[PDB]
Amino acid sequence: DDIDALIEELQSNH
Amino acid sequence: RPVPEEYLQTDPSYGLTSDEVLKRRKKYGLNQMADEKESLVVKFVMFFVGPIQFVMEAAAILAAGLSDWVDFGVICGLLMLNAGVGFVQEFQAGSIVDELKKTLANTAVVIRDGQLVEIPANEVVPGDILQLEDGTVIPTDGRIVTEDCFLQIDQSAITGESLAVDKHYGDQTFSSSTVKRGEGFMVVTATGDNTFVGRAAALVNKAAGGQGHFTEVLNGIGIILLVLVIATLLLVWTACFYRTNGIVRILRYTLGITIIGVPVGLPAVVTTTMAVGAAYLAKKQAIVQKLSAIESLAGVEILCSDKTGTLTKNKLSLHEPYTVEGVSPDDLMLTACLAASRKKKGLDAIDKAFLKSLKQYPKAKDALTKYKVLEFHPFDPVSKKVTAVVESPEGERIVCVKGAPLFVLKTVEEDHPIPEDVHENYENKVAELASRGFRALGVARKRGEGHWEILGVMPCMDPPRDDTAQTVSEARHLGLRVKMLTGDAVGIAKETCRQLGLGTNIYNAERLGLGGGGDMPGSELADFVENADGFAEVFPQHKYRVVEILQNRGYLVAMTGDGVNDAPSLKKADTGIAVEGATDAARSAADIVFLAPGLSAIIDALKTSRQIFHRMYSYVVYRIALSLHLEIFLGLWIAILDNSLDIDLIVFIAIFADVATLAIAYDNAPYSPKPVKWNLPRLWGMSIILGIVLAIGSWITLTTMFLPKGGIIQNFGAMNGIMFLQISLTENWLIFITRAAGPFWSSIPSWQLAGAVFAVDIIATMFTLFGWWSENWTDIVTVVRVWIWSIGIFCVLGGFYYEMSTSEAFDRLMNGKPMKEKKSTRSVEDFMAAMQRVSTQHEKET
């Protein structure tokens, strides 16, 4: 799962 | 030819095998641009090829045989000038394309027989898998095949600016680009002379000879110039027949006239300008299939752009959510995300949008990890709701439901009667989002055995791209009107128009007509499709109709296309645009293939194309005006006074005129706002007026110098020297005039062009001072006075050019067409009112 990692990879544009 | 898809279907974990790598090396080749070294040969190639070149070298041989060293020197100087200007032009083009093809990153990482290995980028071959890490540089054209985390690349980063874009499964990654973030695997499609960058370089190299519509217009310009040259030759020969003169004198005069009357540099210079412009467009993520497109994009008047790819990010995002009183947006977002599958598999675009927008709600991000999901019912099409029973950190079971607004409202109502005010407000808001095109997701939660509580709605839609409203306003500043074509309903697209500020005046493509039906009159339908701000529910058949009717009005149309079904319209479009991700059929049927998604890239390439066109047009007008000025002045001189400039001075004038070519490619390019359409009648009127003004100034100098006491001569000087200086000054300063988009003082010329022109003027001043190839020395005082008079002529040229180029009256006079139609000042308002009425009715059709 690892939701938070998926969250950041989905918003990887900073 | 594009590689077959079979080569691209390789296993990302095992990769290709070494023997097949070798066989494809035999088939396709290395990632290496071809290098050629023929610097010595091309210099004499310019000497030989070209009919004017053979006839003029034959004339040189004849003059050498007749022991007339003078005309032999004239022809040798002209030939050396032509060879030099051609060689420097081709050298500039070669340097530009080598900068375009510069690839020094190499360092390819691939996997052979399942084993990762690092090889130089040359060894790669199309149909191969390459590993992409953070910070890596793309060696060859390819496509991203694997998706674990979305990738960000700098494909737009060829100039200093980066403008990174995102790439996912299916996106087409591009050579000479740097990876800014992300990782994955990439299947390479082309490796050399087949990638669009290499294809553009090869197109420039092939077009160094010259082919296209601009070649035809160059042929027309050259034919007319030869016509004027024959005219002034007839004038001088008639006037020198009336006065019985030696045939040597007449031939010297005709040589002097033909040195400058025909510009032998126009074809090569315009062709090189197109080549360098195609290179610059390739720098701007826009490869023209033909060089003519560079002009075709320059004069485009209407831009019909697809909504899904250009004016929107194409990503289903999240918008500001409506919430019920007493429920915070953070709690609502946490509830919505908790109703989503923890497993990555199964999440649709709505869920991805929710967990993407989770950034704005840190409380939800911190709280989601504290809930343990007990059970999960995924999206059921019948109930249209996803359910998730989770365990709170306090031990409370929480039921999370997200789905259709009406269905969620009924589900909450099925357990407890919602107050009528909340229900009415919620329904009104749902209808309001429906009118704005947001797809709405209702969210509800259940705490243990307590009642259902609904928290709000989720507006989701593809937003305008970040640089779109700015881009739309800038395009409006560029004199071209943007019409959006979308497959969605009129109501959905009206909100998109409002977001872009286009003007929210759209129509259903089918109902308005465009399909052989509809009771709207043909003229009224044409006016509607001309003045509309967009078209909703568009279809591939309607796009062709829109292009056809728009072109029937004389409007240059630029149509963007993605699918294969758009191929005919792109062919019918005056400049078919293939946006990023377009099918290979659409790219083949397009005129200019784009690389960076978004209307900003299209408008930037349009600005670059306008710059290229204005550079070429400025050079053409400047050189034709120089030819006209010298033709008129010298023809009148030998017709009336039986004299002309020294022939070597004429050669030096021609050399100075062609020297500004060596710097015209290096200057800062100002682009005209309004479209540029190769207005040949206007161009010829402009050139004739400028040449007449220069001839008038030169004749004023002649008339002044004829009087005793000097006239313009202060103590002493030379007739030929002073006239040569004045002609050089008033001629080579015209490039400062034509290069400007408007008045000559609006745009400051670059250091290269100004330096070249000033060096030419300094050399001419030294020629006049020291009397080289002239009768007598000319002192500094009359030289600076000639400089001042040439500055005055430069200023009057500025006035004439500003008042004639920017005046539509002169354009009407030259073209000969009347003052358009001058539609009644009140019927235009009634027509706009009818536009609005039909747009409202098309919205109300639903």
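Structure notes:
- Rounded to whole numbers, the Karplus 3J(HN,Hα) couplings from phi for segment B:806-822 are 8, 9, 6, 5, 5, 4, 4, 5, 5, 5, x, 6, x, 7, 6, 10, 6 Hz, using 6.51 cos²θ - 1.76 cosθ + 1.60 with θ = phi - 60°, and x at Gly and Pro.
- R0 of 51 Å, Cβ-Cβ distance residue B:22-residue B:467: FRET efficiency to nearest 0.05: 0.65
- Shielding by partners, peptide B:150-161 (average Cβ within 10 angstrom, other chains): 1
- You can think of it this way: the chain between residue B:219 and residue B:319 has 30.3 nm of extra reach, that is 0.36 nm per residue less the Cα-Cα gap.
- In a fully extended conformation the segment linking residue B:14 and residue B:243 would gain 73.4 nm over its present Cα-Cα distance, using 0.36 nm per residue.
- Burial ranking of peptide ranges B:49-57, B:470-478 (average Cβ count within 10 Å, highest at the top): B:470-478, B:49-57
- Cβ-based net charge around residue B:601, under 11 Å, with every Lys or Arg adding one and every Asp or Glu removing one: 0
- Cα-centred dipole magnitude for chain B, charges only on beta-carbon of K, R (+1) and D, E (-1), debye, nearest 20: 1000 debye
- Each of B:405, B:347, B:362 was placed along the dipole of segment B:317-461 (beta-carbon charges, centred on the mean Cα), and the one lying farthest toward the positive end is B:347.
- Local electrostatic count at residue B:240 - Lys and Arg +1, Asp and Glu -1, tallied over other residues with Cβ under 11 Å: +2
- Inverse of mean 1/r across different Cα pairs in the protein assembly as shown, Kirkwood, Å: 31.7 Å
- Taking other residues whose beta carbon is less than 15 angstrom from the beta carbon of residue B:73, and scoring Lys, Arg as +1 and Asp, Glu as -1, yields -4.
- Farthest toward positive dipole pole in the protein assembly as shown [+1 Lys/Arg, -1 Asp/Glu at C-beta], among B:733, B:459, B:832: B:733
- Gain in span if fully extended, residue B:45 to residue B:149, counting 0.36 nm per residue against the direct Cα distance: 32.0 nm
- Inter-label distance, residue B:752 to residue B:35: 2.4 nm, where each label sits 7 Å from its Cα along the C-beta direction.
- Cleavage-rule hits (GluC sites (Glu not before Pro)) in segment B:157-233: DSSP loop, at most 12 neighbouring Cβ within 10 angstrom: B:161
- In segment B:814-846, GluC sites (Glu not before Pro) in a DSSP loop with at most 15 other beta-carbon atoms within 10 Å: B:821
- Under the simplified labelling scheme, the residue B:327-residue B:780 pair shows an inter-label distance of 8.9 nm, with each label point 7 Å from Cα along Cα→Cβ.
- Sites residue B:548 and residue B:815 - FRET efficiency at Förster radius 25 Å, r taken between beta-carbons, to 0.05: 0.55
- Approximating the spin labels as points 7 Å out from Cα along Cα→Cβ, the residue A:6-to-residue B:476 distance works out to 4.2 nm.
- Cross-link pairs beyond the 24 Å C-alpha cut-off, checked among B:315/B:410; B:543/B:820; B:180/B:307; B:43/B:290; B:344/B:365; B:26/B:167: B:315/B:410; B:543/B:820; B:180/B:307; B:43/B:290; B:26/B:167
- Over segment B:317-461, the Kirkwood radius and the radius of gyration, each from Cα atoms, give a ratio Rg/Rh of 0.93.
- Cut-off under 5 Å, modelled amide H: who pairs with residue B:112 long-range: B:117
- Estimated FRET transfer efficiency when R0 is 45 angstrom, pair residue B:803-residue B:763 (beta carbons, to 0.05): 0.90
- Residue-averaged 222 nm ellipticity for chain B, from DSSP H runs of 4+ at -39500 (n - 2.57), nearest 500: -17000 deg cm²/dmol
- Tail beyond 28 Å, pair distance distribution of segment B:655-795 (Cα, percent): 24 percent
- About its Cα centre, segment B:317-461 has a charge dipole of approximately 1040 debye under the convention of +1 per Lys or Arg Cβ and -1 per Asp or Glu Cβ, with nothing else charged.
- Placing unit charges on the Cβ atoms of the charged side chains and taking the dipole of the protein assembly as shown about its Cα centre, the candidate lying farthest along the positive direction among B:742, A:6, B:657 is B:657.
- In segment B:123-218, the chymotrypsin sites (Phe, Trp or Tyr not before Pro) that fall in loop regions by DSSP, at most 13 other Cβ within 10 Å: B:169
- Distant-in-sequence amide H partners of residue B:181 (H built 1.01 Å from N, under 5 Å): B:135, B:152
- Peptide A:1-13 - average C-beta neighbours from other chains (10 Å radius): 6
- At the listed q of 0.18, 0.23 Å⁻¹, the Debye profile of segment B:21-123, built from one uniform point per Cα, gives log10 I(q)/I(0) equal to -0.93, -1.18.
- Paramagnetic reach from residue B:162 in segment B:597-616 [backbone N under 15 Å; point 7 Å along Cα→Cβ]: none
- Here segment B:549-602 is treated with +1 on each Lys and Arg Cβ and -1 on each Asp and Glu Cβ, and its dipole about the Cα centre works out to around 200 debye.
Read-outs throughout are calculated quantities, based only on the coordinates presented, and are distinct from any laboratory measurement. Neighbour counts are summed over all protein chains in view; Cβ atoms, including those assigned to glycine, are modelled from backbone coordinates with ideal geometry.
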